[PDB]
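S.K.: This is the content of input.txt (compact mmCIF, N, CA and C atoms and all ligand atoms):
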```
# COMPACT_ATOMS: atom_id res chain seq x y z
N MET A 1 -10.26 6.36 15.78
CA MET A 1 -9.94 5.41 14.73
C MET A 1 -11.11 5.30 13.76
N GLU A 2 -10.76 5.10 12.50
CA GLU A 2 -11.64 4.53 11.51
C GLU A 2 -11.82 3.04 11.77
N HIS A 3 -13.07 2.63 11.73
CA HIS A 3 -13.43 1.26 12.12
C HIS A 3 -13.50 0.36 10.91
N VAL A 4 -12.34 -0.06 10.45
CA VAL A 4 -12.28 -1.06 9.38
C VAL A 4 -11.03 -1.91 9.57
N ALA A 5 -11.21 -3.20 9.33
CA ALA A 5 -10.18 -4.17 9.55
C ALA A 5 -9.35 -4.46 8.30
N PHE A 6 -8.06 -4.69 8.52
CA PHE A 6 -7.17 -5.17 7.49
C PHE A 6 -7.75 -6.42 6.87
N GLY A 7 -7.81 -6.42 5.54
CA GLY A 7 -8.29 -7.56 4.81
C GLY A 7 -9.79 -7.71 4.69
N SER A 8 -10.51 -6.69 5.13
CA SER A 8 -11.97 -6.65 4.99
C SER A 8 -12.40 -6.85 3.56
N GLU A 9 -13.44 -7.65 3.40
CA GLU A 9 -13.90 -8.04 2.05
C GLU A 9 -14.25 -6.87 1.15
N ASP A 10 -14.82 -5.87 1.78
CA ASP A 10 -15.28 -4.76 0.95
C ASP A 10 -14.48 -3.50 1.21
N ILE A 11 -13.21 -3.68 1.58
CA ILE A 11 -12.43 -2.54 1.99
C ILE A 11 -12.36 -1.44 0.94
N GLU A 12 -12.38 -1.76 -0.32
CA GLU A 12 -12.29 -0.74 -1.36
C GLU A 12 -13.54 0.13 -1.37
N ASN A 13 -14.65 -0.38 -0.93
CA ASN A 13 -15.86 0.45 -0.86
C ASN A 13 -15.72 1.38 0.33
N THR A 14 -15.29 0.85 1.45
CA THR A 14 -15.23 1.62 2.68
C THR A 14 -14.25 2.78 2.54
N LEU A 15 -13.10 2.55 1.92
CA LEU A 15 -12.08 3.55 1.79
C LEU A 15 -12.34 4.50 0.64
N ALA A 16 -13.34 4.22 -0.20
CA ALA A 16 -13.63 5.20 -1.23
C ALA A 16 -14.09 6.54 -0.61
N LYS A 17 -14.56 6.59 0.64
CA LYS A 17 -15.04 7.81 1.31
C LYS A 17 -13.96 8.57 2.06
N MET A 18 -12.71 8.13 2.04
CA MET A 18 -11.68 8.76 2.84
C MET A 18 -10.73 9.71 2.09
N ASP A 19 -10.75 10.97 2.55
CA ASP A 19 -9.70 11.95 2.29
C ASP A 19 -8.47 11.59 3.12
N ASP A 20 -7.36 12.30 2.94
CA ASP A 20 -6.10 11.99 3.60
C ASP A 20 -6.31 11.88 5.11
N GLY A 21 -7.07 12.79 5.69
CA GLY A 21 -7.33 12.83 7.12
C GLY A 21 -8.05 11.62 7.65
N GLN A 22 -9.04 11.14 6.91
CA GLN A 22 -9.69 9.93 7.39
C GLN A 22 -8.82 8.70 7.17
N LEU A 23 -8.07 8.64 6.07
CA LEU A 23 -7.18 7.47 5.91
C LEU A 23 -6.22 7.38 7.06
N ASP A 24 -5.81 8.53 7.60
CA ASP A 24 -4.89 8.57 8.71
C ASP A 24 -5.47 7.95 9.97
N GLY A 25 -6.77 7.75 9.99
CA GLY A 25 -7.39 7.10 11.10
C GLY A 25 -7.44 5.60 11.06
N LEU A 26 -6.93 4.95 10.02
CA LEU A 26 -6.95 3.50 9.96
C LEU A 26 -5.96 2.84 10.91
N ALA A 27 -6.25 1.62 11.31
CA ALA A 27 -5.39 0.82 12.15
C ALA A 27 -4.20 0.21 11.43
N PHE A 28 -4.14 0.35 10.13
CA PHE A 28 -3.10 -0.28 9.31
C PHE A 28 -2.65 0.75 8.32
N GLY A 29 -1.49 0.48 7.73
CA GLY A 29 -0.93 1.28 6.68
C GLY A 29 -1.74 1.16 5.39
N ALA A 30 -1.89 2.30 4.73
CA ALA A 30 -2.63 2.35 3.47
C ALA A 30 -1.94 3.30 2.52
N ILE A 31 -1.60 2.79 1.36
CA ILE A 31 -0.96 3.50 0.29
C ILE A 31 -1.85 3.34 -0.93
N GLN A 32 -2.19 4.43 -1.61
CA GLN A 32 -2.90 4.32 -2.87
C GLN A 32 -1.93 4.66 -3.99
N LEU A 33 -1.89 3.83 -5.01
CA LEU A 33 -1.00 3.93 -6.14
C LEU A 33 -1.79 4.07 -7.44
N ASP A 34 -1.28 4.82 -8.38
CA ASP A 34 -1.81 4.74 -9.74
C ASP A 34 -1.24 3.48 -10.38
N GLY A 35 -1.65 3.24 -11.63
CA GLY A 35 -1.26 2.04 -12.30
C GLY A 35 0.22 1.94 -12.59
N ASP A 36 0.94 3.04 -12.53
CA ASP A 36 2.36 3.00 -12.72
C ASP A 36 3.09 2.83 -11.41
N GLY A 37 2.41 2.89 -10.29
CA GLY A 37 3.09 2.82 -9.04
C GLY A 37 3.35 4.14 -8.40
N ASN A 38 2.82 5.24 -8.96
CA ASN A 38 2.99 6.54 -8.29
C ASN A 38 2.06 6.65 -7.10
N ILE A 39 2.60 7.24 -6.03
CA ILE A 39 1.89 7.31 -4.75
C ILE A 39 0.93 8.49 -4.76
N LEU A 40 -0.33 8.17 -4.59
CA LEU A 40 -1.43 9.13 -4.53
C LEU A 40 -1.82 9.48 -3.12
N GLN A 41 -1.77 8.49 -2.23
CA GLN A 41 -2.13 8.64 -0.82
C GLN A 41 -1.20 7.74 -0.03
N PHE A 42 -0.91 8.15 1.20
CA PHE A 42 0.01 7.40 2.08
C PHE A 42 -0.35 7.83 3.48
N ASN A 43 -0.85 6.95 4.31
CA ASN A 43 -1.40 7.38 5.57
C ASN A 43 -0.39 7.35 6.71
N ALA A 44 -0.91 7.86 7.84
CA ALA A 44 -0.06 8.00 9.00
C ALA A 44 0.37 6.68 9.57
N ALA A 45 -0.51 5.68 9.53
CA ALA A 45 -0.14 4.37 10.07
C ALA A 45 1.00 3.78 9.27
N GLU A 46 1.00 3.97 7.98
CA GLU A 46 2.08 3.49 7.16
C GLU A 46 3.39 4.19 7.53
N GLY A 47 3.32 5.51 7.68
CA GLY A 47 4.51 6.23 8.11
C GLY A 47 5.04 5.74 9.42
N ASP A 48 4.16 5.28 10.33
CA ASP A 48 4.64 4.77 11.60
C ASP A 48 5.34 3.44 11.40
N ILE A 49 4.87 2.62 10.48
CA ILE A 49 5.48 1.32 10.25
C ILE A 49 6.83 1.48 9.58
N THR A 50 6.94 2.35 8.60
CA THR A 50 8.15 2.34 7.78
C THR A 50 9.01 3.57 7.97
N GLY A 51 8.51 4.57 8.68
CA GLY A 51 9.29 5.78 8.94
C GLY A 51 9.19 6.85 7.91
N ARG A 52 8.54 6.63 6.80
CA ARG A 52 8.44 7.64 5.77
C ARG A 52 7.44 8.71 6.19
N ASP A 53 7.67 9.93 5.74
CA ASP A 53 6.78 11.07 5.98
C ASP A 53 5.83 11.12 4.79
N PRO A 54 4.52 11.00 5.01
CA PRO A 54 3.58 10.92 3.89
C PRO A 54 3.73 11.97 2.79
N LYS A 55 3.85 13.25 3.16
CA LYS A 55 3.91 14.29 2.14
C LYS A 55 5.21 14.24 1.39
N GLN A 56 6.20 13.54 1.92
CA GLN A 56 7.45 13.47 1.17
C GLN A 56 7.44 12.35 0.16
N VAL A 57 6.57 11.38 0.27
CA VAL A 57 6.55 10.27 -0.70
C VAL A 57 5.41 10.36 -1.67
N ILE A 58 4.36 11.10 -1.37
CA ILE A 58 3.28 11.24 -2.36
C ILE A 58 3.85 11.91 -3.60
N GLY A 59 3.57 11.33 -4.73
CA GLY A 59 4.11 11.77 -6.00
C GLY A 59 5.33 11.04 -6.44
N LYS A 60 5.96 10.28 -5.56
CA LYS A 60 7.09 9.45 -5.93
C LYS A 60 6.57 8.11 -6.42
N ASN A 61 7.43 7.41 -7.15
CA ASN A 61 7.07 6.08 -7.58
C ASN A 61 7.49 5.09 -6.52
N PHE A 62 6.54 4.29 -6.09
CA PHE A 62 6.79 3.37 -4.99
C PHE A 62 7.85 2.33 -5.35
N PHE A 63 7.80 1.80 -6.58
CA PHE A 63 8.70 0.73 -6.93
C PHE A 63 10.06 1.21 -7.37
N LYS A 64 10.10 2.39 -7.98
CA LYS A 64 11.39 2.85 -8.46
C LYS A 64 12.16 3.58 -7.39
N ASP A 65 11.45 4.37 -6.59
CA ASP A 65 12.04 5.36 -5.73
C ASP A 65 11.96 5.01 -4.24
N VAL A 66 10.75 4.83 -3.75
CA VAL A 66 10.52 4.69 -2.31
C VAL A 66 10.86 3.32 -1.74
N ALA A 67 10.49 2.28 -2.48
CA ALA A 67 10.49 0.92 -1.99
C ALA A 67 11.17 -0.02 -2.99
N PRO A 68 12.43 0.17 -3.27
CA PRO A 68 13.10 -0.70 -4.26
C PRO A 68 13.12 -2.14 -3.78
N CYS A 69 13.00 -2.40 -2.50
CA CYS A 69 12.97 -3.80 -2.05
C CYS A 69 11.71 -4.52 -2.52
N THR A 70 10.70 -3.79 -2.98
CA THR A 70 9.50 -4.33 -3.53
C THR A 70 9.55 -4.46 -5.04
N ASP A 71 10.61 -3.98 -5.66
CA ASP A 71 10.79 -4.11 -7.11
C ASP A 71 11.34 -5.50 -7.38
N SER A 72 10.41 -6.44 -7.48
CA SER A 72 10.70 -7.85 -7.57
C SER A 72 9.46 -8.52 -8.11
N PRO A 73 9.54 -9.69 -8.66
CA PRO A 73 8.34 -10.41 -9.09
C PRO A 73 7.38 -10.66 -7.91
N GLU A 74 7.90 -10.79 -6.70
CA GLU A 74 7.04 -11.17 -5.56
C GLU A 74 6.17 -10.03 -5.09
N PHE A 75 6.45 -8.79 -5.48
CA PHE A 75 5.65 -7.66 -5.04
C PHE A 75 5.26 -6.86 -6.28
N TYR A 76 6.17 -6.08 -6.83
CA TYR A 76 5.86 -5.31 -8.05
C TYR A 76 5.31 -6.21 -9.13
N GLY A 77 5.84 -7.41 -9.30
CA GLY A 77 5.33 -8.28 -10.32
C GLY A 77 3.85 -8.55 -10.16
N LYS A 78 3.42 -8.78 -8.92
CA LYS A 78 2.00 -9.01 -8.64
C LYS A 78 1.21 -7.75 -8.94
N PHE A 79 1.75 -6.62 -8.49
CA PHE A 79 1.05 -5.37 -8.70
C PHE A 79 0.83 -5.18 -10.18
N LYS A 80 1.89 -5.30 -10.97
CA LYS A 80 1.76 -4.94 -12.39
C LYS A 80 0.83 -5.92 -13.09
N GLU A 81 0.83 -7.19 -12.70
CA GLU A 81 -0.07 -8.14 -13.28
C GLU A 81 -1.46 -7.67 -12.96
N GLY A 82 -1.71 -7.22 -11.74
CA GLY A 82 -3.06 -6.80 -11.42
C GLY A 82 -3.51 -5.55 -12.15
N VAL A 83 -2.62 -4.60 -12.33
CA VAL A 83 -2.93 -3.38 -13.06
C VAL A 83 -3.24 -3.75 -14.49
N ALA A 84 -2.44 -4.63 -15.08
CA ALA A 84 -2.62 -5.03 -16.47
C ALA A 84 -3.95 -5.74 -16.64
N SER A 85 -4.31 -6.59 -15.71
CA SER A 85 -5.50 -7.38 -15.88
C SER A 85 -6.73 -6.61 -15.44
N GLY A 86 -6.53 -5.57 -14.66
CA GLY A 86 -7.59 -4.73 -14.22
C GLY A 86 -8.32 -5.35 -13.05
N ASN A 87 -7.63 -6.22 -12.35
CA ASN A 87 -8.17 -6.73 -11.10
C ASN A 87 -6.96 -7.19 -10.27
N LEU A 88 -7.11 -6.98 -8.99
CA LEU A 88 -6.03 -7.29 -8.04
C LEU A 88 -6.61 -7.49 -6.67
N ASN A 89 -6.26 -8.62 -6.07
CA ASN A 89 -6.64 -8.86 -4.69
C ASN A 89 -5.70 -9.96 -4.24
N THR A 90 -4.62 -9.57 -3.57
CA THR A 90 -3.58 -10.51 -3.17
C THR A 90 -3.06 -10.10 -1.83
N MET A 91 -2.82 -11.08 -0.98
CA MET A 91 -2.31 -10.87 0.35
C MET A 91 -1.12 -11.78 0.56
N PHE A 92 -0.06 -11.22 1.09
CA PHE A 92 1.20 -11.92 1.25
C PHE A 92 2.06 -11.20 2.27
N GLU A 93 2.90 -11.95 2.95
CA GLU A 93 3.89 -11.34 3.81
C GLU A 93 5.14 -10.97 3.06
N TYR A 94 5.84 -9.98 3.59
CA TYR A 94 7.01 -9.41 2.91
C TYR A 94 7.86 -8.74 3.96
N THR A 95 9.12 -8.51 3.65
CA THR A 95 10.01 -7.77 4.54
C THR A 95 10.47 -6.49 3.87
N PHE A 96 10.21 -5.39 4.55
CA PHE A 96 10.67 -4.08 4.12
C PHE A 96 11.99 -3.79 4.78
N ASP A 97 13.02 -3.52 3.96
CA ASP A 97 14.39 -3.46 4.46
C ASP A 97 15.22 -2.36 3.82
N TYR A 98 14.64 -1.43 3.14
CA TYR A 98 15.42 -0.37 2.53
C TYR A 98 15.59 0.82 3.45
N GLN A 99 16.86 1.06 3.80
CA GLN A 99 17.24 2.17 4.68
C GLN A 99 16.44 2.16 6.00
N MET A 100 16.26 0.96 6.54
CA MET A 100 15.44 0.75 7.72
C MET A 100 15.80 -0.60 8.30
N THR A 101 15.48 -0.81 9.56
CA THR A 101 15.56 -2.10 10.18
C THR A 101 14.60 -3.01 9.45
N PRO A 102 15.00 -4.18 9.05
CA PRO A 102 14.06 -5.08 8.33
C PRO A 102 12.85 -5.31 9.16
N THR A 103 11.68 -5.11 8.54
CA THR A 103 10.40 -5.17 9.22
C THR A 103 9.46 -6.07 8.42
N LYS A 104 9.03 -7.15 9.03
CA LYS A 104 8.13 -8.10 8.40
C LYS A 104 6.70 -7.58 8.52
N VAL A 105 6.01 -7.62 7.39
CA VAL A 105 4.65 -7.11 7.32
C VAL A 105 3.78 -8.10 6.57
N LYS A 106 2.50 -7.90 6.71
CA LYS A 106 1.49 -8.50 5.83
C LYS A 106 0.99 -7.42 4.92
N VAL A 107 0.99 -7.73 3.65
CA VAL A 107 0.57 -6.81 2.60
C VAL A 107 -0.68 -7.30 1.97
N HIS A 108 -1.60 -6.41 1.73
CA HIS A 108 -2.83 -6.71 0.96
C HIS A 108 -2.91 -5.68 -0.13
N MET A 109 -2.81 -6.12 -1.38
CA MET A 109 -3.00 -5.23 -2.51
C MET A 109 -4.39 -5.49 -3.09
N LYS A 110 -5.12 -4.43 -3.32
CA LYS A 110 -6.47 -4.55 -3.84
C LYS A 110 -6.79 -3.39 -4.72
N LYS A 111 -7.38 -3.67 -5.89
CA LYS A 111 -7.75 -2.59 -6.79
C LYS A 111 -8.78 -1.73 -6.08
N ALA A 112 -8.64 -0.42 -6.27
CA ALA A 112 -9.62 0.50 -5.71
C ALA A 112 -10.93 0.39 -6.48
N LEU A 113 -11.97 0.94 -5.86
CA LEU A 113 -13.25 0.94 -6.57
C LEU A 113 -13.27 1.85 -7.82
N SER A 114 -12.56 2.98 -7.76
CA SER A 114 -12.12 3.90 -8.81
C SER A 114 -11.29 3.18 -9.85
N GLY A 115 -11.37 3.60 -11.11
CA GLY A 115 -10.94 2.62 -12.09
C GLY A 115 -9.50 2.42 -12.15
N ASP A 116 -8.68 3.44 -11.84
CA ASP A 116 -7.38 2.76 -12.05
C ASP A 116 -6.42 3.27 -11.02
N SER A 117 -6.80 2.84 -9.83
CA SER A 117 -5.90 3.02 -8.73
C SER A 117 -6.07 1.79 -7.85
N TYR A 118 -4.97 1.62 -7.06
CA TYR A 118 -4.64 0.36 -6.42
C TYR A 118 -4.15 0.63 -4.99
N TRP A 119 -4.76 -0.11 -4.06
CA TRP A 119 -4.33 0.01 -2.68
C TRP A 119 -3.26 -0.98 -2.33
N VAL A 120 -2.32 -0.54 -1.52
CA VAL A 120 -1.36 -1.36 -0.82
C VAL A 120 -1.60 -1.14 0.65
N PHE A 121 -2.10 -2.15 1.35
CA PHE A 121 -2.35 -2.12 2.77
C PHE A 121 -1.28 -2.94 3.47
N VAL A 122 -0.86 -2.47 4.63
CA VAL A 122 0.29 -3.02 5.34
C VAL A 122 -0.03 -3.08 6.82
N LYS A 123 0.29 -4.21 7.46
CA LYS A 123 0.30 -4.27 8.90
C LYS A 123 1.48 -5.10 9.36
N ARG A 124 1.88 -4.91 10.60
CA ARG A 124 2.96 -5.70 11.17
C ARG A 124 2.52 -7.12 11.42
N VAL A 125 3.48 -8.04 11.30
CA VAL A 125 3.31 -9.44 11.71
C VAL A 125 4.44 -9.90 12.62
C1 LIG R 1 11.51 -1.74 0.42
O1 LIG R 1 12.35 -1.08 -0.23
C2 LIG R 1 10.38 -1.24 1.13
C3 LIG R 1 10.23 0.08 1.33
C4 LIG R 1 9.09 0.74 1.86
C5 LIG R 1 7.87 0.08 2.04
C6 LIG R 1 6.77 0.73 2.55
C7 LIG R 1 6.84 2.07 2.92
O2 LIG R 1 5.84 2.66 3.53
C8 LIG R 1 8.02 2.76 2.65
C9 LIG R 1 9.12 2.12 2.12
```
Let's see the structure in the file written out as structure tokens.

M.R.:
Amino acid sequence: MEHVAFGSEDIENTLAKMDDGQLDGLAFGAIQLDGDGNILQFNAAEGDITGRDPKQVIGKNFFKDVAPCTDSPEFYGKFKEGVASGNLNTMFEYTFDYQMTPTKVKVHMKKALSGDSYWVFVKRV
């Protein structure tokens, strides 16, 4: 395992050193998005939570394509506000229910240290 906790204060610094293989070592789901919501990275823990195969969703748009249940003010709305403002750090619970058994998670969205990409971190609750 990679030794970093969900919701860590400096998580964007710690994850700046991870290629796909190291992200796969996290204890929680990690998705990196560009400012439009396109998936840049998607780790193994996330695939275990939601069933998606990482290489099949990278390059897709998370809000339009992969996760329409997140296309709402309560999720995408927060994301887009953060992309627009150029800062994002929000944690909230949510239920993922598209083509899957509804699964309650805790989500932490945080702007990456890199200028315009955004993490979506997920763990079960
Ligand atoms: C709602 O449509 C949620 C979908 C979803 C969330 C997270 C994933 O890893 C994959 C799909």

S.K.: Apply DSSP to the structure's backbone, then extract all residues of stretch 4-122 of chain A labelled alpha helix (DSSP H) and return them as a list in words.

M.R.: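 Answer for stretch 4-122 of chain A, restricted to alpha helix (DSSP H): residues 11, 12, 13, 14, 20, 21, 22, 23, 44, 45, 46, 47, 48, 49, 50, 54, 55, 56, 57, 78, 79, 80, 81, 82, 83, 84 and 85 of chain A.
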
S.K.: Using only N, CA and C atoms, please write the residues we just selected to a file, as a CSV table (one decimal), in the frame of the given file.

M.R.:
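In the end it all went to result_26.csv:
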```csv
chain,number,residue,atom,x,y,z
A,11,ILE,N,-13.2,-3.7,1.6
A,11,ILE,CA,-12.4,-2.5,2.0
A,11,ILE,C,-12.4,-1.4,0.9
A,12,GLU,N,-12.4,-1.8,-0.3
A,12,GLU,CA,-12.3,-0.7,-1.4
A,12,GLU,C,-13.5,0.1,-1.4
A,13,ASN,N,-14.6,-0.4,-0.9
A,13,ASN,CA,-15.9,0.4,-0.9
A,13,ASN,C,-15.7,1.4,0.3
A,14,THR,N,-15.3,0.8,1.4
A,14,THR,CA,-15.2,1.6,2.7
A,14,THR,C,-14.2,2.8,2.5
A,20,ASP,N,-7.4,12.3,2.9
A,20,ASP,CA,-6.1,12.0,3.6
A,20,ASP,C,-6.3,11.9,5.1
A,21,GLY,N,-7.1,12.8,5.7
A,21,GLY,CA,-7.3,12.8,7.1
A,21,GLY,C,-8.0,11.6,7.6
A,22,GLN,N,-9.0,11.1,6.9
A,22,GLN,CA,-9.7,9.9,7.4
A,22,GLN,C,-8.8,8.7,7.2
A,23,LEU,N,-8.1,8.6,6.1
A,23,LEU,CA,-7.2,7.5,5.9
A,23,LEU,C,-6.2,7.4,7.1
A,44,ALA,N,-0.9,7.9,7.8
A,44,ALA,CA,-0.1,8.0,9.0
A,44,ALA,C,0.4,6.7,9.6
A,45,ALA,N,-0.5,5.7,9.5
A,45,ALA,CA,-0.1,4.4,10.1
A,45,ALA,C,1.0,3.8,9.3
A,46,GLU,N,1.0,4.0,8.0
A,46,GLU,CA,2.1,3.5,7.2
A,46,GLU,C,3.4,4.2,7.5
A,47,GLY,N,3.3,5.5,7.7
A,47,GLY,CA,4.5,6.2,8.1
A,47,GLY,C,5.0,5.7,9.4
A,48,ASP,N,4.2,5.3,10.3
A,48,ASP,CA,4.6,4.8,11.6
A,48,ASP,C,5.3,3.4,11.4
A,49,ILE,N,4.9,2.6,10.5
A,49,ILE,CA,5.5,1.3,10.2
A,49,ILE,C,6.8,1.5,9.6
A,50,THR,N,6.9,2.4,8.6
A,50,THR,CA,8.2,2.3,7.8
A,50,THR,C,9.0,3.6,8.0
A,54,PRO,N,4.5,11.0,5.0
A,54,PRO,CA,3.6,10.9,3.9
A,54,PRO,C,3.7,12.0,2.8
A,55,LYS,N,3.8,13.2,3.2
A,55,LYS,CA,3.9,14.3,2.1
A,55,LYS,C,5.2,14.2,1.4
A,56,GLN,N,6.2,13.5,1.9
A,56,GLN,CA,7.4,13.5,1.2
A,56,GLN,C,7.4,12.4,0.2
A,57,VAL,N,6.6,11.4,0.3
A,57,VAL,CA,6.6,10.3,-0.7
A,57,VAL,C,5.4,10.4,-1.7
A,78,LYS,N,3.4,-8.8,-8.9
A,78,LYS,CA,2.0,-9.0,-8.6
A,78,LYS,C,1.2,-7.8,-8.9
A,79,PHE,N,1.8,-6.6,-8.5
A,79,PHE,CA,1.0,-5.4,-8.7
A,79,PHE,C,0.8,-5.2,-10.2
A,80,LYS,N,1.9,-5.3,-11.0
A,80,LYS,CA,1.8,-4.9,-12.4
A,80,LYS,C,0.8,-5.9,-13.1
A,81,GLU,N,0.8,-7.2,-12.7
A,81,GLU,CA,-0.1,-8.1,-13.3
A,81,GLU,C,-1.5,-7.7,-13.0
A,82,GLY,N,-1.7,-7.2,-11.7
A,82,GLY,CA,-3.1,-6.8,-11.4
A,82,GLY,C,-3.5,-5.6,-12.2
A,83,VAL,N,-2.6,-4.6,-12.3
A,83,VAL,CA,-2.9,-3.4,-13.1
A,83,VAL,C,-3.2,-3.8,-14.5
A,84,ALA,N,-2.4,-4.6,-15.1
A,84,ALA,CA,-2.6,-5.0,-16.5
A,84,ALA,C,-4.0,-5.7,-16.6
A,85,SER,N,-4.3,-6.6,-15.7
A,85,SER,CA,-5.5,-7.4,-15.9
A,85,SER,C,-6.7,-6.6,-15.4
```

S.K.: Taking all atoms listed in the file into account, report as an MDAnalysis selection string which residues have an atom no farther than 6.5 Å from an atom of ligand LIG 1 (chain R).

M.R.: chainID A and resid 46:47 49:52 66:71 95:99

S.K.: Have a look at atom CA of residue A:13 and atom C of residue A:60 and let me know their distance in Å, one decimal.

M.R.: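 Separating atom CA of residue A:13 from atom C of residue A:60 is a distance of 24.3 Å.
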
S.K.: Counting only C-alpha atoms, which residues have an atom no more than 10 Å from (0.9, 8.2, -9.9) in the file's coordinates? Please list them as JSON, numbers by chain.

M.R.: {"A": [32, 33, 34, 35, 36, 37, 38, 39, 40, 41, 58, 59, 60, 61, 62, 117]}

S.K.: For a quick check of understanding, using only N, CA and C atoms, which of A:23, A:93, A:11, A:1 has the smallest distance to residue A:111?

M.R.: A:11

S.K.: What is the distance between atom C of residue A:28 and atom N of residue A:86, in Å to one decimal?

M.R.: 24.1 Å

S.K.: Which residue is closest to residue A:116? Choose from A:54, A:83, A:100, A:7 and count all atoms listed in the file.

M.R.: A:83

S.K.: In the coordinate frame of the file, compute which residues have an atom within 7 Å of (0.6, -8.8, 9.6) when using only N, CA and C atoms, and state them as a ChimeraX atom specification.

M.R.: /A:104-107,122-125
